[PDB]
Amino acid sequence: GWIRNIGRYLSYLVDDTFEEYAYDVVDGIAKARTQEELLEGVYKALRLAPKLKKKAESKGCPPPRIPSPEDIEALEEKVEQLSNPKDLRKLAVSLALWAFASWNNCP
Amino acid sequence: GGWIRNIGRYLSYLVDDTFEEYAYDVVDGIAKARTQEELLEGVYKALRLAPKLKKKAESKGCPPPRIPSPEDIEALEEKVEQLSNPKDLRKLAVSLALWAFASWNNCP
Amino acid sequence: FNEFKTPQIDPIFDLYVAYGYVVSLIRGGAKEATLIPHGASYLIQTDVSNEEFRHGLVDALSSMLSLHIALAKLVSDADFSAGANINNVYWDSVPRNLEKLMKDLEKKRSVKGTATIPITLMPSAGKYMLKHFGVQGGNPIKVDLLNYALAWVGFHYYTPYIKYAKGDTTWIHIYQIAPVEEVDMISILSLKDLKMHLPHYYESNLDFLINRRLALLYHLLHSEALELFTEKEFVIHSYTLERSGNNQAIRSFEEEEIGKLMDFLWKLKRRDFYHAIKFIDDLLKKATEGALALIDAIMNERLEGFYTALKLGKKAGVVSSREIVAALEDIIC
Amino acid sequence: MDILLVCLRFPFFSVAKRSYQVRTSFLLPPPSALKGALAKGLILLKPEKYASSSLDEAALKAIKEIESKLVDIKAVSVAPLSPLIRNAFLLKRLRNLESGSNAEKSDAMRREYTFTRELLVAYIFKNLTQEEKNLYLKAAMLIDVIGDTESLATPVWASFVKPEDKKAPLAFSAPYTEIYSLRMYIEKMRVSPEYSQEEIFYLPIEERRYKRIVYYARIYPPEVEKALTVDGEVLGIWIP
Amino acid sequence: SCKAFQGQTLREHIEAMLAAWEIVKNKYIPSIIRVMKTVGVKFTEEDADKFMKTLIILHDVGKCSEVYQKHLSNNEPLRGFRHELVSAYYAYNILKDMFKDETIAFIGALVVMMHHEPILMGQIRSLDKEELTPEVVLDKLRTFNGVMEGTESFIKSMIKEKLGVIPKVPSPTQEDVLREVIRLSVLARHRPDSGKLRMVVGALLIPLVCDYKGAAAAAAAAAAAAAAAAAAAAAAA
Ligand code: NI
Ligand code: NI
């Protein structure tokens, strides 16, 4: 459900193979109470795409893949109607939950 | 209303490869829009590069960029004029600017 | 139906004696035996004879004493000699009582004495009891030797426990699993499977045996007896014994539940097993605070606890594979 | 039979059983505790009638007078209107009533306080006269504390009612002596307080779990031809 | 015509199994009737032959219940499903009718459950690169949507065609198999005969694991595995 693809992209900010350790964005996406800050955090996480691209390119392993545009609108087609924070947490926490998965990137 | 994807398709050409146009400042401005006027300024700055990319797209064996239609501009103006609150304005500005960084298959 | 009655004294010691009745019956036979809880009495219904019950009890006592003689006034590092008994006098008192019971029963002679009950079998007991305007000297509470031995058999055979030394002090976590609706012999034997002997861990790397909830999670992680808790309702009664400077006292008596934790463990390990136990052990050894947050989330159904635990684990050394993350997402629903 | 109905909306119980180290608390307040509280109510409401050299004899005489107007040794009953739980607590219980150990020997000890959102208390009388009906009805209220001085208590309403001979499930507490003829909860309750006796009482409490947590809900017992109605719902009760 | 193996049908596989055991009974029957005396059941050599043939005729019947055949249809992975776990459910129900005794049926079901891969339950080291654990086999068995129809008469055509004693087959469901397997595991793990059960179960399992001769050989060091099949020379001439 377009969760693994974005989780593997968020995993690029925590893994030691990318020696930048973007942990603030993980806290922002996990600690989201309403609509605006969750989108702000996911934008901040996605903004570091060239960082990861040039880090993997300059290190040797294949560059990371950006989340596909096909499920980008899928993110906003559901979170819009999660007016209640209680059910919004089920996805806000899960976004960072999948950010710590194994996600083998470079050999 | 469906125009977010259309405008994000053009926005993605400002940061993707195979274009030699790495305009991240305009993306940051259009995504850090605190008020409507600066959001419109960022939109204009992004759209000012439409000839910049359209002329050179055909010079590198790539399809021309999907420049947003005037209907998209009308929809954006309608959405901006109805938003006097920075609360939903922040998420609206984030929504279209998020499409800039995506794995678009611009050049086959 | 013999329908053995169990003395109503203390719903913890009562549970121990009524819950060792089942193993006494099993060692003597007694097919189709069940346990009906009466709030605290915990009656047992079966079709066994009294002589057959006595034969099963003497078999259990023989096995326990044979285990006791393996280590050496004889003091053994066993469950019912020194592993769980925090008081030094009981280390010699209990084996003498058990062998006295063996001698009395093997001669078809009912016991005719009463003995002191230790704090291990019932934390509600102790040294002093408020009568009207003060306490009673000695140990006011006494129990008949037959029920005393039966409860000791139950505690040794069924209830899991953990001992952590850490130099001069000593912590003993004791856990007993209590049914709440109804159980048959197979269920109680499946619970008996949880008991493992000589849990005297000590060392220094395994310093996470403090924080009793974390210790019970660690113990249950490596146990794969039966996922009975998802189809039957069970509770856990647990307590800690501390010997900080020869000052024997109890500092924790919280009453948690076992169904949620077992359900969580089964749901997590259903996807991957190699990446489950290694994950949990690494997180326990490195991120103790993360483990506490995780167990709090399990017991309270809290979303932020899992994220905090994973972040703390990934900070130091935890791989935190994808399959366990997917299992957690599925549990979240 | 004039039955006194009161509603106790107080969070935590405070009565502990015969226990040491960890102080095991009663799931429901024993008749001894409620009798003592009502005796205290008589003490501070009408102090002219009960006057003693020491508080022990005043309490004993108040208890004796209450039992004089009581139906029999089978004392006050209760109905748990809320699920029950065992809430553990840690206290700094000093130990100085024993031999030696001076007078300042304080060590941490556990004493759980049973939590309750709502409970109902029914005293069973034998048609006390009107001039004292108001006396005991006022004595029913101002029940400030239960157990020890730790857990406060408050009333909601006080009334007198007949059993109207109505069939209903017995949602009260009764001794396991006569109701033997009738998922059971029976235990030692110490009906009679001691002052220098022990009857097994049944409880309408079960340890069922609905989804994950157990608490302690109702027992839904067999119906009894003797009952009483409160706030619409009718609950059965046993009387001699 | 359901096939247990990739290219071998169940019928031929069982025939090869029993043919392999034919030349072994004279070597193992005295060694197997002795170990039965310690559990409380004693029977003649013919009864031991009947019991072992009952185990042979029914050792892997879960290989054809809408799951193993579908996985073994073209290439589908097993996903760590233990078919043999349900086979004991038949044996405990079948052997009970064959011998009119409880403990012999229990031990037969236990031994037929014992082969293939054991279920490691109760304490473990902090590593397991296998599916031996019960927490995954229970989840896999949760998908047991009964058994295919052909099996019901299949056993009816199996025990009758070889010796013939009494035909009887149960009706497996989702919950009865779970209850039976848990009861078997509990009664094996916690009956006061602690090590004796393990010893006798292994003694009964040793003849049964001779399926290498019956099935297609896939092991290099099969010479050692075939040493036991060899017997003493009948005569010089
Ligand atoms: Ni096989
Ligand atoms: Ni085979």
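In case you missed it, the structure is sitting above this.
Conventions and cut-offs
- Residues numbered from 1 in each chain as written, not as in the entry; some residues may be left out.
- Chains lettered and ligands numbered in written order.
- Part of a larger assembly, values for the part shown.
- Heavy atoms only, no water.
- Residues with missing side-chain atoms left out of burial classes, pairs and counts.
- Contact = heavy atoms within 4.5 Å.
- Buried area = accessible area lost by both parts, 1.4 Å probe.
- Salt bridge = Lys/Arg side-chain N within 4 Å of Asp/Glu carboxyl O.
- Polar contact = N/O pair within 3.5 Å; in protein donor to acceptor, adjacent residues only side chain to side chain.
- Pairing = 2+ DSSP bridges.
- Helix = DSSP H or I, 4+ residues; strand = E, 2+ residues; numbered from the N terminus.
- Nonpolar A, V, L, I, M, F, W, Y, C, P; charged D, E, K, R; others polar.
- Donors = N, O, S within 2.8 Å, 3.2 Å for Na, K, Ca; no water.
- Buried < 20%, exposed > 50% of the residue type's maximum accessible area, 1.4 Å probe, protein only.

## Description of the interface of chain C and chain D
Turning to step 1, where the next piece is worked out: Counting residues at the interface gives 38 residues for chain C and 31 residues for chain D.
Turning to step 2, where the next piece is worked out: In total, about 3,100 Å² of surface goes out of reach between chain C and chain D, with carbon and sulfur atoms giving 55% of it.
Turning to step 3, where the next piece is worked out: It is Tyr128, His132 and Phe253 of chain C that lose the most area in chain C upon contact with chain D, and together they represent 18% of the buried surface on that side.
Turning to step 4, where the next piece is worked out: Across the contact surface, chain C and chain D share 1 salt bridge.
Turning to step 5, where the next piece is worked out: The partner of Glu301 of chain C in a salt bridge is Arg212 of chain D, with the nearest N and O atoms 4.0 Å apart.
Turning to step 6, where the next piece is worked out: Here chain C and chain D share 6 residue pairs in polar contact between them.

## Considering the sheet that holds strand β14 (residues 200-202) of chain D
Residue and element names in this part refer to chain D.
Turning to step 1, where the next piece is worked out: Strand order across the open sheet formed by 3 strands is β12-β14-β13, with antiparallel pairing between neighbours. A strand with exactly one partner marks an edge of an open sheet, and here the two such strands are β12 (174-175) and β13 (186-188).
Turning to step 2, where the next piece is worked out: Summarising the sheet, β13 and β14 pair through 3 bridges and their orientation is antiparallel. Looking across to β14, one finds that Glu187 is bridged to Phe201.

## A word on the interface of chain C and chain E
Turning to step 1, where the next piece is worked out: Taken together, the contacts link 24 residues of chain C with 23 residues of chain E.
Turning to step 2, where the next piece is worked out: Across the interface of chain C and chain E, roughly 2,300 Å² is buried in total on both sides, 63% from carbon and sulfur atoms.
Turning to step 3, where the next piece is worked out: Where chain C touches chain E, the interface holds 3 salt bridges.
Turning to step 4, where the next piece is worked out: When the shortest N-O distance is used, the salt bridge between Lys269 of chain C and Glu135 of chain E registers 2.7 Å.
Turning to step 5, where the next piece is worked out: The tally of links between chain C and chain E comes to 7 residue pairs in polar contact.
Turning to step 6, where the next piece is worked out: Elements represented by at least two residues in the side of chain C that touches chain E include exactly α1 (13-28), α6 (185-192), α8 (259-269) and α9 (274-286) of chain C.
Turning to step 7, where the next piece is worked out: For the side of chain C that touches chain E, the class distribution of residues is 11 nonpolar, 3 polar and 10 charged.

## What about the coordination of the nickel ion (ligand 2)?
In ideal tetrahedral geometry, four donors around a metal make angles of 109.5 degrees, whereas ideal octahedral geometry with six donors gives angles of 90 or 180 degrees.
Residue and element names in this part refer to chain E.
Turning to step 1, where the next piece is worked out: Those donors, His13 (NE2) and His59 (NE2), are the protein atoms that reach the nickel ion (ligand 2), and they lie 2.0 to 2.8 Å from it.
Turning to step 2, where the next piece is worked out: Separating the nickel ion (ligand 2) and the nickel ion (ligand 1) is a distance of 3.0 Å. Note that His13 is positioned in helix α1 (residues 10-22) and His59 in the loop between α3 (45-57) and α4 (68-71), a separation of 46 residues in sequence. Judged on exposure class, the residue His13 and its partner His59 are both buried.

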